[PDB]
Amino acid sequence: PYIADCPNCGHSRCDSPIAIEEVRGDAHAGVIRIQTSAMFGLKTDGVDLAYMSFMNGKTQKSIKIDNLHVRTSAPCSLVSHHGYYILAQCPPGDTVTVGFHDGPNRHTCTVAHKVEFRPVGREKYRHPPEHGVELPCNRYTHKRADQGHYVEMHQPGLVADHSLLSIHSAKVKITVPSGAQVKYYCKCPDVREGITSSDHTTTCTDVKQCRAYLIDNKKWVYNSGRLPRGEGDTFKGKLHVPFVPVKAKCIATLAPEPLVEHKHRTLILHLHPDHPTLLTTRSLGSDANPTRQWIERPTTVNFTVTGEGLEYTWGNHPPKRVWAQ
Amino acid sequence: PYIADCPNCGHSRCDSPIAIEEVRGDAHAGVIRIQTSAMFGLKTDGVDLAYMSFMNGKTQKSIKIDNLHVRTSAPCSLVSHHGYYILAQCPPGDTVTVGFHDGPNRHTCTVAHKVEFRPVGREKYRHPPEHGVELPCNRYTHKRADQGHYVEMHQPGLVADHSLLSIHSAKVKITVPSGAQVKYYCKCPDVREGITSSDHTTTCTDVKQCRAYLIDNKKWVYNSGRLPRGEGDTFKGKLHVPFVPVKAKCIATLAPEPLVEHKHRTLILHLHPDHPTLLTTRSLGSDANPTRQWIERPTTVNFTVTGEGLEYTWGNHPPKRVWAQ
Amino acid sequence: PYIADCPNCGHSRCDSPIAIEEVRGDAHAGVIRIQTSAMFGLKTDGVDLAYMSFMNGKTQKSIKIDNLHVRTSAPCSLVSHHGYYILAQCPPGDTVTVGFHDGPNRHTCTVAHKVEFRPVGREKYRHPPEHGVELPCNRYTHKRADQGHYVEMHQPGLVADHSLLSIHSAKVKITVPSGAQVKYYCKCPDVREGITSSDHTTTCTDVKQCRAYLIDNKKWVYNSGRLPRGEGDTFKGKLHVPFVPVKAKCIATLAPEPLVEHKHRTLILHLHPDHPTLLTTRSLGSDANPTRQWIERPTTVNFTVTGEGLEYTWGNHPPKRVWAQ
Amino acid sequence: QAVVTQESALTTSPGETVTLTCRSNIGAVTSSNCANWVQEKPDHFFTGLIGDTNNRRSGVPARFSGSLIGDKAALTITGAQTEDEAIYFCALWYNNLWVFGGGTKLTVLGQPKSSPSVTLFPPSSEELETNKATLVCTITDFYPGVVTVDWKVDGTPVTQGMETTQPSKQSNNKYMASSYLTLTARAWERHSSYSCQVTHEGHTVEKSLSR
Amino acid sequence: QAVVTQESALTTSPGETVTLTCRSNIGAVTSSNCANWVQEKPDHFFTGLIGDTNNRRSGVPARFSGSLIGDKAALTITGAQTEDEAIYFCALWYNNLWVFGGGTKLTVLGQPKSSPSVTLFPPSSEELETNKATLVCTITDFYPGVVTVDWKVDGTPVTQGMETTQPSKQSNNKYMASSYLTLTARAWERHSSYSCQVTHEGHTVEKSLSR
Amino acid sequence: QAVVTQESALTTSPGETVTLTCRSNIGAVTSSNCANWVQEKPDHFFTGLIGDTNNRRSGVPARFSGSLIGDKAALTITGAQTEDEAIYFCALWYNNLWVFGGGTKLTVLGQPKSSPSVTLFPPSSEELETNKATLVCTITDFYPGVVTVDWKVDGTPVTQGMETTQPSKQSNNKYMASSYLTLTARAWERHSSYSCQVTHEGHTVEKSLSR
Amino acid sequence: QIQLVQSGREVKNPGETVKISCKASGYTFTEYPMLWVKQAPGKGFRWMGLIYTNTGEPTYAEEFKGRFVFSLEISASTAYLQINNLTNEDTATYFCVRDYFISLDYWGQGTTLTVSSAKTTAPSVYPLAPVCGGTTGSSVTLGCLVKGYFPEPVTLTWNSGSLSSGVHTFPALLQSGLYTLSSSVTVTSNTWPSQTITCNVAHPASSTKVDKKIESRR
Amino acid sequence: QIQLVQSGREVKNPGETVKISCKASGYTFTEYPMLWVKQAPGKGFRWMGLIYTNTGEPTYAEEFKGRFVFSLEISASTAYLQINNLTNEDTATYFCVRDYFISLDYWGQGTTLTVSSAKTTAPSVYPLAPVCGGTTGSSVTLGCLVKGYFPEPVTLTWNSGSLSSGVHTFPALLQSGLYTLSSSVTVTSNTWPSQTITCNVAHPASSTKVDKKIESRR
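Chains as they are written, first to last, in the entry's author numbering: chain N, 3501 to 3825; chain J, 2501 to 2825; chain F, 1501 to 1825; chain L, 4501 to 4711; chain H, 3501 to 3711; chain P, 5501 to 5711; chain K, 4001 to 4218; chain G, 3001 to 3218.
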């Protein structure tokens, strides 16, 4: 579970494990795929997707997911998590605002991202309905058995941990997690690399002038922009994405039927939608003479139909056609 | 407590007991009257409106209301429940989104419905204030002692319950709730009606080709569109509605006073509202020459007042009048 | 912790201790400074800002802050509390809606107030981002060590408490909190001032025709409009405000860079913002010929640049300049 | 037409956590079965503990909680006490009637042993006026509740004439029992030494009368 | 000018739930009365339990909770313990002063009985040098806390000369008391057998000296 | 390369609240040290109580809770019980290895005293066929767990030949021990009275054999 | 608070009818109906049905539809069980019970019926005083032997019921076609024979009431 | 943590004045004022007033406005009660108490005053050793008799207070115009008379201190 710098972490820029990168309000189904720097899913070892492992300290905390909250302008709905990554059904929102509850603390993370949800169709809803026609939307999956893409996930760079740099009663005293690789020296001249167990520091004294580092590359990370490079190498760790964008047919929009009214080679149409509906036509002469107008306000319109025919498209309701001799 | 098919029940179309029908964002007071298919109120038997009976299984669960949530674009405020029906003060919202918390599960239900709250008045607020004039809004009651209308509530049709169709070690085995009427046969030829205690099935074997039905018409239901008809009869069960729309005087709107400025037979009016305010006038000559314009942006306007008089309507603030000789 | 009359206290006008006055959505940083009539902060006596003292009864209740909720159109984020006063990061909202949870009851308070958050800059965002330039916004502090202003806070007037007016088995019986000053008489003729311990009432009998008053001016209050005057005097109690508006440099806005395109003494500019951006220019001739237009929709624009130069202001992005010979 | 099944007997010690279960023969138990738990203390003393699966009757200690575990209703006693030793019955609702389980006898460690209090009374004289004599041996306050009563007329184990009741539970949760030896006015006057011997948790108590 | 009233005495058994109440003579008790509950154990030992109606002092077991029930302040002991046997006082605030209730003596079943430990001492010799002799009979660690002390000089019940203190509660919650029999140097030398007899929960203990 | 320190021994009474602490020599203990608490009952019996500072293992009574108090990990027993008398060890994680504390011996008031059950056996005959004789004195079920065993051959305190094990804790939490007196087939046949004397919480128990 | 107190136990020969009352206290009768449960000697607990104390409609368990009839003296908060044409295998104990909280919350004391053929024999009440010699302890145990009656029940009190502490009443047992019962009472040695101690016995079936004072043997 | 330890108990003849100290420990004196409560022998508990340990202003209960005066040695965390022109009906125990948590959270030990006319008599301290013969058990009980003193109080310790376990000190009682007190101590039979056991008695009113070693009678 990677940890990075959340931008407006409740107060201001903290370093949250759930630091939000790559917000994708690019689908249609009310859904956003998000990456936390935290890797929830199974535990550290082997069990139960519905548990929760973020970083506390240098360490993980692979425990229950109890009170996740993604949210935006309104509280979102989770869809599924896998890896670093969560899918959640959100409404539109100027921002994105994520957070669980460990239990002692709220411990959330928030971010800017322009979000919208147009459904696919000539109706510009704000939200998916219960009914209407199905038609080919873009949307992310529920599932994990997924390989359609993979993002590079090589090592972490080092990280700071000044909990290490204690004092040896006059000298600044570094320690190690588990024998991990601590990269160490101070502004003064003393040990210059640091690949060690718990060292002391002969020369410097102040904690604030030393290299508290953790080369702990036993587990790779996501290659966040808010990661410091592991300077050594491009280690392996090519790793999939679960939530591929797929060609789901969203349960989708439909605009109320029109009121057809006859006139001489002319369609008066008293019209009354639910939401802004893009109407358009095609006078089937080799003179096309089409028309487009989003209609949200109910409006009686007109169409000079010709002899050979016109067609009529009340939103994603199917196209009509008309003989006006 | 009826159970029907919620349309976007967290994931997708579940069958929630709180399946939302008949959303009514038709009043003014920030209020919506809703019908769940669930009948909260008293328990199964006799006590305490503030308890909570939905259907779990074929069975009720008449327990506490602890964590109801109606919500929309924002979380609503409950007003009162009675029967199948709840009143709740909501803001505007493209949708309506309802849900309690049983305790082990969220178990919510959500729906599309165009909601708005215009207050009555020439001010187009988004929300009721603390002050302003009172005037005759439309609104639903708090109370239950109500008979002003009644909706038909006859029986339920059957329902599926394949928990019944167990296996008699080689044959598919139906049982009964309490001696209820189970309507049974399979694709093969065996018992053809089913009005029985726990039967077996001589002929068919597969659970997936049999009639797991529950004619359990000891308690009527609401006549939801998401109900299957009880084919036998229009049984009795005419049943009231609590939340009648009544002629409450909402605590209501008021727009800031105008800045009256004199000119020669002309009212300059530097004007500065809180919200979009429909201003309008009536030049009291037999030439009416009225004007209408919603004003939300502060605007210095003008009015060619005549000799005999004009009147002036700063929102639902009372109408003024003016001698311009 | 003062108690006043909340306007739409869940149901309607209650008397909440957290009665909201002086909403100030006048800064830029997503923040509002609010005054509850309740004085949270330290306890009654001496400890821990993060505890919670409102009025229950005539009495305080100095306990934990556990589940505060300020909110608007969305749930806000607390920033800090001090005294009667809380700072909280909110989004825009037609209203303001505040409330904690004592534990047995929700016990909230809500109010009307027009809120917005323009960030300082020619970009009209709806929300502060993670990045962009810093520039001089107006904003309130986190802190308490604050004297930049002080509001008058003299005594409370009396308050009603008909829990006092019990019955002495035939006569209406007043009591006292702790020897506090109870101001008493009834419509009938009996004791006419009331500065006493627990009195009886010789003359009247009905609780509903007597003066249940509490002159309990051992602790001053905020001078809310929803306070009854302490008729005696302007007692002392000049008391600071914590949350002064200060000249913080908000982490602030930035609009995506323009696409500069050359023409003959003419800047075509295909342009594509994130949010509505006020663009403007100054043809540096003594003929200024400036232009202003908020741009939210991407637009290819044009500028007849002169010989001597023009300047160009893509939002709060710094001003550009151009030689068009 | 449904069979509720419960453990037969469970033994625990004061301070432990013990779980009793209630199984339905028709399928998993669910919240629509409104599992009820009832306790029977000695003397045909019934009290309701839990109802509607997990609602604790008022005035029932909190050490008692109900729930559904797997496909059955369960009662957990958290910190069982000596006072909890009784028979627990579960009841399940089935759309139109109630079905009770067989009950679980629960035994909880506690109540230090207590020796019996034995008293032997002579035939009263108004009764010797009937040409009858009945020696009553009363034994009370003993725990564990199991005793052996043996009568001995003149040194000789009587073997016919005696009747001993079954230990009955007193209120304090100790037991009692009485034994009767009926003679004739005459058998009475014949023999000379009567004795009621009570054996309890290894010690013996002999109470003798002398005519 | 207000009178707080409390139950006089309440008796419960270990493990039970017991409620003590505090009533005000002026009206219902409310949160602005800041009900306080104080406990007095033997030895003039005071501790505060609850304050401001329901705030439990720190280090007071959780079995103790306060609340307002009806129009009065209440203290509930949930799982009363033997250790809770004491006097509980409630206090109510009345705008300017505090009024204490009369206190409730609470008795909780427990502490198995304990026989007294009796010792009789002879007049010391430095004291016989004063022409005085005082036999001290000390009795400690007895429970229940009630005894009868009888002195017997030379076989004869002394009836004048003795003084017996009142049982005083020791720390372990058992009691103590001492009795004095003052003679003269001379009365001393006269009689020959002194004996202090202590009667406690039916058994007798006689401690005799021999001059 | 870190030293966890714990209180050495703590004594409490049934019903009290007691806190054990765990200090790290390198700095404050934090949640990344994942404090663990383990209990050792007699017989090399280990169970885990708390892990990751405050996660209670399943089936560990709720009277046990862990937390960080100040700069150290703490274990609180709320309502300590007699059964809680054992050794509690804390463990702290240090990025790559675990360091255990020295453990705290906790003593809880309870378990009324119990006298020993002493038995002396004679040398068996198959063993007298080896030209050897060993008198075994077994002592079980005693508490407190401290005894004195003295042997006396023919009236005379043996002083060489005996071996007495160290009191070992039985399951019920009482103790046991046995003492051996080895003679020769011959020493056996010589002397005539053997006796094993066990002294426990002031009373003495002598078990003698007669050849 | 809630007390459901039931009638006392009857004896009835086969064929007879019995009306068992259940008098309710502490609740409003009308909002809580009554469960009638049969706990048969060996067999365990069984639901006999439920009566809507509001409307008055009874539900019978199928095992009980027929000879069993529930009714209520609404007015007095009583529910009643009537078993007509008593069958010998109806000996058992019947409990009334309050249905509330999605189950049953309070149970009554029970009324035990013993269906059994037999005439009516009044009991002989005999005082049980201690042995003729000594009997010196801190306390003293007296007794009362109620011998040879039919049918059940008999009631027994000590000093009109004012002496209940330290009493052991022993369940009646059938011996040679008749019931025999006994009771002991223990008091301090100062109480008796200083103060009078009296055994009070009633046998309703024979209209027999006997007060027997325990007298010293000499 | 918080300890309020009070002065010892005084004797004073009518008319005198007394200053009772209350030394506070564990809290910051200044943020918690002091309650003075009178628990009169029979009557129960009564609030005497409260002192603002910050400003120094006292509140008196009306019953106590007059002869009673609260003050504080701020500097030493002491609060004091002074009762002037002592009336005989002021014998009782006075407790200091901390006002906190909307009530009182800690109470002191109490200082008991016995207003009573009488001269000054020093006590006679007598050793109480076991009977001349035998006395063989696992333990042994010694005693100390403090006879005939006035006024109260006396203090008594065993071995300068290092021997406190197994001690029973018996409250002083008035007999023939003088107080008499006694104490027992129980130790293992190996301790005494092997190791010295000494009774330590002080009578402040007479400046009497007596150390009496318990010696064997032979």
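Each residue gets a CB set at the ideal place from its N, CA and C atoms; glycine is no exception.
query, result
"What does a CB cutoff of less than 6 Å around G4110 of chain K pick up in its chain, not counting 5 residues either side in sequence?", "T4093, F4095"
"Mark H1613 of chain F as exposed unless 16 or more other C-beta atoms lie within 10 angstroms of its C-beta, in which case mark it buried.", "buried"
"Look at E1757 of chain F and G1785 of chain F and say whether their C-beta atoms are less than 8 Å apart.", "no"
"Which partner residues of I2674 of chain J appear in the DSSP bridge assignment?", "DSSP, once it has assigned bridges, lists no residue as partnering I2674 of chain J."
"Run through the segment 4027-4054 of chain K for me and flag every whole beta strand (DSSP E) of 3 or more residues, listed as ranges in chain order.", "4034-4040, 4044-4051"
"At 7 Å on the CB atoms, spell out the chain K contacts of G2546 of chain J, in chain order.", "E4031"
"Verify the CB distance criterion: does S3182 of chain G have a CB-CB separation below 8 Å to chain H?", "yes"
"Exposed or buried, which one is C3022 of chain G when buried takes at least 16 other CB atoms within 10 Å?", "buried"
"Please compile the residues from chain H whose C-beta is within a distance smaller than 9 Å of the C-beta of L3178 of chain G.", "Ordered by position in chain H, no residue passes the 9 Å Cβ test against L3178 of chain G, which lies about 12 Å from the chain."
"Alpha carbon to alpha carbon, how far is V3805 of chain N from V3822 of chain N?", "8 Å"
"In this structure, how does DSSP classify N5536 of chain P when only helix, strand and coil are distinguished?", "strand"
"Are residue 2829 of chain J and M2555 of chain J closer than 8 Å when you measure CB to CB?", "An answer regarding residue 2829 of chain J cannot be provided, because it is not within the stretch 2501 to 2825 covered by chain J."
"Using a Cβ cut-off of 7 Å, pull out every chain F residue sitting near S3573 of chain N, in sequence order please.", "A1574"
"Mind pulling the chain P residues with CB within less than 7 Å of residue 3470 of chain N?", "In this structure chain N extends from 3501 to 3825, so residue 3470 of chain N is not present and cannot be described."
"So, for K4212 of chain K: in the same chain, excluding its five sequence neighbours on each side, which residues have a beta-carbon less than 6 Å away from its beta-carbon?", "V4125, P4127, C4199"
"Go to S3182 of chain G, then tell me how far its beta strand (DSSP E) extends in each direction, as first and last residue.", "3178-3188"
"Output needed for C2704 of chain J: all residues of its chain with C-beta closer than 7 Å, excluding positions within five of it in sequence on either side, in chain order.", "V2672, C2686, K2687, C2688, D2690, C2710"
"Use the C-beta contact count for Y4643 of chain L: other C-beta atoms within 10 angstroms, 16 or more gives buried, fewer gives exposed.", "buried"
"Under a CB-based cut-off of 8 Å, is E5626 of chain P close to chain L?", "no"
"Can you list the residues of chain J that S3577 of chain N reaches, using a CB-CB cut of under 7 Å?", "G2510"
"Say whether chain F places a C-beta atom closer than 8 Å to the C-beta of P3776 of chain N.", "no"
"Which residue's Cα is closest to the Cα of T3196 of chain G: G:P3041, G:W3158, G:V3167, G:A3202?", "G:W3158"
"Report yes if the C-beta distance between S4189 of chain K and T4141 of chain K is below 8 Å; otherwise report no.", "no"
"What residue from F:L1739, F:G1510, F:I1565 has the CA that sits closest to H1654 of chain F's CA?", "F:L1739"
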